Protein chains: 2
Amino acid sequence: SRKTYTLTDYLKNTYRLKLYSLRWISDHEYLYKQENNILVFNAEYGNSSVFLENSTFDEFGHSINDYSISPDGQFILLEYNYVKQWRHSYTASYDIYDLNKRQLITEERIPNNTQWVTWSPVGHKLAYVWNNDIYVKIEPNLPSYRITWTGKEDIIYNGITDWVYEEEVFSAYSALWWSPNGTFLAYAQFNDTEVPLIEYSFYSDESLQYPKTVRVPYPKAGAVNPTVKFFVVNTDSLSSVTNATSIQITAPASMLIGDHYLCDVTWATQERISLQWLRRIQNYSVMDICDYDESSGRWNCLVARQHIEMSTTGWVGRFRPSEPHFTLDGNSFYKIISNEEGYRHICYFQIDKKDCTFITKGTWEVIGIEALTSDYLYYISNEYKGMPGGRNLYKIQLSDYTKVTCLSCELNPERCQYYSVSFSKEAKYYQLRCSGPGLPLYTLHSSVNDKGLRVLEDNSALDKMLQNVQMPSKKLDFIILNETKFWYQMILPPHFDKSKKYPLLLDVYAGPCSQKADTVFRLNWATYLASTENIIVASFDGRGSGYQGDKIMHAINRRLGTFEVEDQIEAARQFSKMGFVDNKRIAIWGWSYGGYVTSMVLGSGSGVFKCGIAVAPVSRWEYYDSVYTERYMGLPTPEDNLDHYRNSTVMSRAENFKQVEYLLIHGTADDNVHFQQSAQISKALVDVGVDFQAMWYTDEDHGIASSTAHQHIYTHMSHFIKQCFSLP
Amino acid sequence: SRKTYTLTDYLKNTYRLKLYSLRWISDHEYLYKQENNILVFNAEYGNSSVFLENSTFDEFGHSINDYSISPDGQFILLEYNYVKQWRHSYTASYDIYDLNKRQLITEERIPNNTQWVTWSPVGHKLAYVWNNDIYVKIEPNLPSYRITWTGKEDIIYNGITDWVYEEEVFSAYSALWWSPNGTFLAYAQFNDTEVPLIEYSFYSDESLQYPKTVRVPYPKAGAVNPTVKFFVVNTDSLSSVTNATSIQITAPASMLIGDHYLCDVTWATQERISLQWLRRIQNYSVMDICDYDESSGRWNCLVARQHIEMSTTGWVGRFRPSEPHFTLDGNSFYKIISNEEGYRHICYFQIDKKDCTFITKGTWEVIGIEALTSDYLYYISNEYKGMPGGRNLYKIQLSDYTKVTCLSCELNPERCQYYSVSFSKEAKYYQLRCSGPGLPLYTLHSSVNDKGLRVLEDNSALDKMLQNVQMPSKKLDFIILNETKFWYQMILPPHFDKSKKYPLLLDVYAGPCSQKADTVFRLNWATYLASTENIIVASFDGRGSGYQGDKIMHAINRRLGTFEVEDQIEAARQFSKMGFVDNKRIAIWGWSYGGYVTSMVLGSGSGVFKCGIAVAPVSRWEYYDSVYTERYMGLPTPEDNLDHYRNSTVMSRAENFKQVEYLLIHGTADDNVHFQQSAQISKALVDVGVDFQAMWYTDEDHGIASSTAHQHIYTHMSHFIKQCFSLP
Ligand SMILES: N[C@@H](CCNC(=O)c1ccc(-c2cccc(C(F)(F)F)c2)cc1)Cc1cc(F)c(F)cc1F
Ligand SMILES: N[C@@H](CCNC(=O)c1ccc(-c2cccc(C(F)(F)F)c2)cc1)Cc1cc(F)c(F)cc1F
């Protein structure tokens, strides 16, 4: 093949991966969009066709960002006027459409700048947050009853996460939960009153004559956190002329003794909701189970049905403690927790019994509980071929815990080692989403039979074009460092000749529970570098990395900026112990956590690496947010861990940068890793007379994700590497 | 010579220029400091010796930043605890010392964080500003009477300039004027109430967990300006138990019709003070002369003793209108104004007569009036050898306006063509400060005789070492472009060979009234470039440039970002029309205004220049301060000049940067040219997919002047140039 995967291929998206994005609404009915056409595929027969023609909204009057169909097939929510806030959060505008009655509503509309909105999980009620206050609407035209009255901007958050909760805990803007009926609106309240603010400049269009100052309630390590109250309200019994009563659920006693976060809300039954609470020191959590006193109107969390989760070697959970899965009756649950040997497995609990029973075991981990039937529990794990880089669907028999069937391991062993799954309601049917090492492969299935009905997308189009191009290949292997196996992955250039010396780029993330070596098919920067510029792009999962059990993962506990960084160096040495590395031309790079590691590595003065790029790096843990930082580091106080805190900064390593070429890039409106962190590094290197290279990106955040800038930054970075490696 | 002026020579200050910094206190007595020793040289005889021994303060207890001896020889003010604000402004701490009585005061001390402080011009009174309010102290231990009560931070300024006045109008923090007696404290009041704020981040020591937001009352072009009131108060008649009465002087009527600034305060006599007022549109100024009604207690500005200054071709004054010089009686004054042909010359005014009389004329300008006697007026001009790059002391006979004696032209024609002057009281004796083309040369003189008593410093030390080093030479010449002569200066490398092709660096300022080509000796970056890296470093004074009369200077009126930029390009062409320029290797660079021009030139797509560095550049005039920007551009409104404003941005030229290599540098804590200005450029270039090089400087201002950073920046820029020119 004469052609090659080029920078412009990557940047302009020459070769598209096709996804198959479906959405179940019954136990056999899902949706697929097509040239604006919302079809409804019937997995049971195949006699699928129109649900909503593409032209239905050619007159609508606005560009349509997203849609939500009420579960009861009666309405469609129309999300237009999208405006991003943080990672998950945004505000939008919303119109409701009567499907049964070919008509768009016009009365008692859902207001512009709405923070969140969602259907009741059965029926067609609407919960919406606007101005920090929650509103309910039983019918798509009746006035909305105001649940909360305390919403103040950047102080009181009703039904929605503040910044830290958004990013660190829940990964959504939304702090609302429906009871599977439609009766109860569970919601949390966040008081940011004494949280400090991060303040940075936003410059906007050329036209804006004074830069605006952005101000964000953001708790850095050891600062004052937000506080949380949790409430439940009845939706049915809602007088259109009395301010509703929301029954607060107070937390456990072991929690109220001090700083705590709310770290899970999972409903069990129509009148039973679970909560999990985490202490500010995140090695101790508790789960409450609370029933509705149908005569009293209160909520009762039986001290005898609490369940403690804790760790002596580390923190609780991968990032947070896992969610529980309740059986129809809601008297027992399944939950992934760490076992005695330190492996995340499925433990089966009874509401009232302290001890659970491990219904899976071994040297490997459960990734997620996916669905639970009367007969089976389905879960994804990296058990197959002893490979933590891999993902598969498995099936366990409820009536017998040794009847484990792998549903995916065998379908396409060569093409498909990284599965994910989407189940129909009642888990009647399921989609498998294969992500590598071959091209993504979407296929549909029936639980009952296990037989593979239909191939939904096999990307053979993409595959056609790829035969024309000199693709890199991808080695996934381990090396042994103690009696421990540490996985790496290399992206080998085309026609890789093991006797030649290739230049190597060490691509780094390295954060707690990271996994940079996997079986996933990717078309990114690395592809352009290997293919066109004949650069091996490595990645390595050392200590602190996840899915290999608490011994590797918690190795980094209270010691961030150490083993993970050192393993990264070690890994490089080992690649040059192999024979294909021009050890006069090893580079490093990374973004976010991985920019930090790349900065630490460069400052280590191991003289292994020539140059390096840090994108949006952490430079000092006291600058990052409390909930992340503390999870690993605890409190920056001399009675706690102020020592490793002060010992793990990039600035303290500035002298050693004399030995390297360094490119530092930061977006200026990074709400997350504040430009501050990069500004401190620069100042440090300036103070010590080290030259380096810098780039900022005006009005850009942690993603540097705008079309123009993403192009600019990968371009810029490309030259830097080429220059560093001397490539004409 | 084997050695060369190296980067490290420039950066580490290998070769020092010696100054001779004296301060007159009588008509024959001045001071010189020596290894901490404050001597007093008696120019009359020479029998000079100790005034204050170096050890006098080895016990003082603080590091001493500065000192001020009261005019009546009785006290010394001790300024310690210096803390910079803007260009001139700062806060400090002050102790008073009794010279007559070998004792440091301890009672009713001058308070920490004092904004300004000054002796009465005769006697030993003290005026001090603190918390925006003025305080007077008749004796160094008696309580201080509070003159003003309205001082509010960042809103009310009594006795001190706000940001824009500091930088643009007066060039001091101080808005206080003593009457030559010690009777009257004239002061101005600045109301910033509706001035917008510039807000930027300041990051501080590593330790500061949240960056601080700096907020500064700063009016961008066409924003709401500060307003000014002016007051006079009697110091003598000051009850220690009645709030003083300050007599407001209101402005003229022609002023109060709209926006205006106060643009000069010069006292005439013990009971007569001059003011000048400038309209917000700065082509019209008025001067008030005001006498004290000794019975009334008012101030009277006789409408018949007003004097209008205005321009049809430009703005009034070089930057502001010039100060007046009053004769002993205070009934007439001398002032530099522009003549009928557009040359800044000395016009002689009578208090009551509209017209003045030009007592100098020609194609050349008066730089400044230096002293006036009963017999002579002394002034500096660039008249000699028709050279606007030169500065000389001249003398005119009051009794006869043709008796013009040049006091300096002839002393050392080869060494000395750039003089400045310091006069004793009554102008009995004078120091000449020669600044080039030779090594600075400081010499003392007597007015009466004109004979050169003593050589004070001849830098022959510096001259010794320089004979060891391969110094660059400096050609200063003109070229003709229309029937106009435009001056340039080249810094030629050692052993310059006119038949070889040298790479050329065009060093740019180019702003209104700029002069980059002069006879001054400099040891800067340019020196290292020419000497060591054999790079010609040129500079060129095109239209908009000063000291050559209103026709060149006002050429740029309402057209900033045009002729000045174009002439810069033209200049380059002309250097490559000569034969020593490798025209495949012309670069451009500049700081502040010059950063702007460097950016416009690079954006011109004249493909004359290969690379270029912009330090701290203006990028869009609507981002700069009102008082500077409006002086040249008027208002950014469609009924005014919104057109040239919007047509003169660097962002609009972003496409053309594809043709060049570009280095953009900004300090992040630039209170002056906000990092905004650079942040908008970068954004523009990213939007048009242009690659460039960027460097920010954490917590640096428009000076990038901190010791570590100035080193870093000149280092970084050096590599960039070398790289661009391919120099090993
Ligand atoms: N801010 C950090 C986010 C880390 N959290 C997660 O990735 C994450 C991912 C998933 C979940 C999550 C959400 C719902 C349910 C679960 C559950 F199933 F319970 F495990 C987990 C919780 C947290 C990452 C980060 C880390 C850095 F060091 C840095 F500099 C920048 C960064 F953005
Ligand atoms: N702000 C600009 C000021 C340059 N200098 C002056 O304006 C100035 C202003 C006033 C005077 C002055 C002060 C006292 C008395 C007199 C006079 F009375 F005229 F003798 C003039 C002398 C020089 C410089 C500048 C210009 C820019 F374009 C830019 F982007 C940044 C900058 F800092």
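Residues numbered from 1 in each chain as written, not as in the entry; some residues may be left out. Chains lettered and ligands numbered in written order. Heavy atoms only, no water.

- What the deposited record gives as its method is X-ray crystallography, and the resolution it gives is 3.0000 Å.

**Some details on the site of ligand 2**
Residues and elements named next belong to chain B.
Alright, step 1. Taken together, the neighbourhood of ligand 2 is formed by 20 residues, with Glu167, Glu168, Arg320, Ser592 and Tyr624 sitting nearest.
Alright, step 2. A distance of 3.1 Å is found between a nitrogen atom of ligand 2 and a side-chain nitrogen or oxygen belonging to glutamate 167.
Alright, step 3. Contact between ligand 2 and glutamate 168: a nitrogen atom at 2.7 Å from a side-chain N or O atom of the residue.
Alright, step 4. In isolation ligand 2 exposes 700 Å². Once the protein is present, 78% of that is buried. (Near = heavy atom within 4 Å. Polar contact = N/O pair within 3.5 Å; in protein donor to acceptor, adjacent residues only side chain to side chain. Areas by Shrake-Rupley, 256 points an atom, 1.4 Å probe, with all protein chains shown as cover.)

**Details of the UniProt feature "disulfide bond" in chain A**
Residues and elements named next belong to chain A.
Alright, step 1. Look at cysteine 347 and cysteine 356: UniProt pairs them in a disulfide, and at 2.1 Å between sulfurs the bond is present in this structure.
Alright, step 2. Using a relative accessible area of 0% as the deciding quantity, one classes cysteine 347 as buried.
Alright, step 3. In this model the UniProt disulfide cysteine 611-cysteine 724 is closed, its S-S distance of 2.0 Å falling under 2.5 Å. With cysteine 611 in strand β42 (residues 611–615) and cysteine 724 in helix α12 (residues 707–725), the pair connects residues that are 113 residues apart, well separated along the chain. We note that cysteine 611, like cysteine 724, is buried. (Disulfide = S-S within 2.5 Å. UniProt positions renumbered as here; feature names shortened; annotations may be inferred. Buried < 20%, exposed > 50% of the residue type's maximum accessible area, 1.4 Å probe, protein only. Helix = DSSP H or I, 4+ residues; strand = E, 2+ residues; numbered from the N terminus.)

**Let's talk about the nonpolar core**
Alright, step 1. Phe230 and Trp525 of chain A together with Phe230 and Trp525 of chain B are the most contacted members of the largest nonpolar core, which has 327 residues in total.
Alright, step 2. Sequence-distant contacts of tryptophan 525 of chain A, defined by excluding residues within four places in its chain, comprise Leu7, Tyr10, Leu505, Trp589, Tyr714, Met717, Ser718 and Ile721 of chain A. (Core = buried A, V, L, I, M, F, W, Y, C linked by side-chain atoms within 4.5 Å. Contact = heavy atoms within 4.5 Å.)

**Considerations on the domain arrangement of chain A**
For interface size, the figure often reported is the accessible area lost on association.
All names here are of chain A.
Alright, step 1. Segmenting chain A into domains produces domain 1 (1–13 + 468–728) and domain 2 (17–459).
Alright, step 2. Computed over C-alpha atoms, the centres of domain 1 and domain 2 are 32 Å apart.
Alright, step 3. Counting residues at the interface gives 44 residues for domain 1, matched by 53 residues for domain 2.
Alright, step 4. Where domain 1 meets domain 2, there are four salt bridges.
Alright, step 5. For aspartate 701, the salt bridge is made with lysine 84, and the minimal N-O distance between the two is 3.1 Å.
Alright, step 6. For the interface between domain 1 and domain 2, the tally reads 30 residue pairs in polar contact. (Domains from an automatic or database assignment. Salt bridge = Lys/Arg side-chain N within 4 Å of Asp/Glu carboxyl O.)

**Here's the deal with the relation of the copies chain A and chain B**
Superposition of the two copies of the chain requires a rotation about an axis together with a shift along that axis.
Alright, step 1. Between the two copies, chain A and chain B, the superposition gives an RMSD of 0.0 Å; the rotation angle is 180° and the shift along the axis is 0.0 Å. The superposition of one copy onto the other is thereby described by a two-fold rotation axis. Of every C-alpha in chain A, the one belonging to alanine 694 of chain A sits nearest the axis of rotation, 2.9 Å from it.
Alright, step 2. With an isologous cut-off of 70% or more, the 100% of interface residues of chain A that recur at the interface of chain B puts this contact in the isologous class. (Least-squares fit on C-alpha atoms.)

**Some remarks on the pattern of salt bridges**
All names here are of chain A.
Alright, step 1. As enumerated under the stated definition, the model contains 56 salt bridges over all chains in all.
Alright, step 2. Salt-bridge contacts for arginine 543 lead to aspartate 567; the nearest nitrogen and oxygen are separated by 2.6 Å. Taken together, the residues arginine 543 in the loop between β40 (536–540) and α6 (550–553) and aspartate 567 in helix α7 (residues 563–577) connect sequence positions 24 residues apart.
Alright, step 3. Looking at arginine 543, the relative accessible area reads 27%, which means it is partly exposed.
Alright, step 4. Residue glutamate 661 pairs with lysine 610 through a salt bridge whose shortest N-O separation is 3.1 Å.

**Observations regarding the sheet that holds strand β4 (residues 49–52) of chain A**
Alright, step 1. Taken in spatial order, the four strands make up an open sheet running β1-β2-β3-β4 (chain A), and their pairing is antiparallel. The sheet is open, and its two borders are formed by β1 (23–24) and β4 of chain A, each paired with just one other strand. (Pairing = 2+ DSSP bridges.)

**Description of the UniProt feature "active site" in chain A**
All names here are of chain A.
Alright, step 1. Those residues carrying the UniProt feature "active site" are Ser592, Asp670 and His702 in this numbering. Annotated residues spanning 111 residues; largest pairwise C-alpha distance 10.8 Å, indicating a single compact cluster.
Alright, step 2. Mapping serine 592 onto the fold places it in the loop between β41 (581–591) and α8 (593–603).
Alright, step 3. Ignoring anything within four residues of it in the chain, the contact list for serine 592 reads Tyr509, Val615, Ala616, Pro617, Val618 and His702.
Alright, step 4. Relative to the assigned elements, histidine 702 resides in the loop between β44 (693–697) and α12.
Alright, step 5. Apart from the residues within four sequence positions on either side, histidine 702 is in contact with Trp591, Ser592, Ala616, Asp670, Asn672 and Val673.

**With respect to the interface of chain A and chain B**
Alright, step 1. Each partner contributes residues to the interface: chain A has 53 residues there, and chain B has 53 residues.
Alright, step 2. Of all residues in chain A, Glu206, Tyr210 and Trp696 of chain A bury the most surface against chain B, accounting for 19% of the area lost on that side.
Alright, step 3. Linking chain A to chain B there are four salt bridges.
Alright, step 4. As a salt-bridge pair, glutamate 199 of chain A and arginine 215 of chain B come within 3.6 Å of each other at their nearest N and O atoms.
Alright, step 5. At the level of secondary structure, the elements contributing two or more residues to the side of chain A that touches chain B comprise β16 (197–202), β17 (212–217), α11 (675–687), β44 and α12 of chain A.
Alright, step 6. At ten residues, the largest contribution of residues to the side of chain A that touches chain B is made by α11 of chain A.
Alright, step 7. Within the side of chain A that touches chain B, the residues separate by chemical class into 26 nonpolar, 16 polar and eleven charged. (Buried area = accessible area lost by both parts, 1.4 Å probe. Nonpolar A, V, L, I, M, F, W, Y, C, P; charged D, E, K, R; others polar.)

**Quick look at the site of ligand 1**
Residues and elements named next belong to chain A.
Alright, step 1. In the vicinity of ligand 1, 20 residues are found, and the nearest of them are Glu167, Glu168, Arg320, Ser592 and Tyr624.
Alright, step 2. Take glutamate 168: an N or O atom from its side chain is 2.6 Å from a nitrogen atom of ligand 1.
Alright, step 3. Side-chain polar atom of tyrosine 624 to a nitrogen atom of ligand 1: 2.9 Å apart, as the coordinates give it.
Alright, step 4. In the complex, 77% of the free accessible area of ligand 1, which totals 690 Å², lies under the protein chains.
Alright, step 5. Of the residues forming the shell around ligand 1, the biggest block, three residues, is contributed by helix α2 (residues 163–170).
Alright, step 6. Residue composition of the shell around ligand 1, by class: ten nonpolar, five polar and five charged.
Alright, step 7. Each of domain 1 (1–13 + 468–728) and domain 2 (17–459) contributes no fewer than three residues to the shell around ligand 1.

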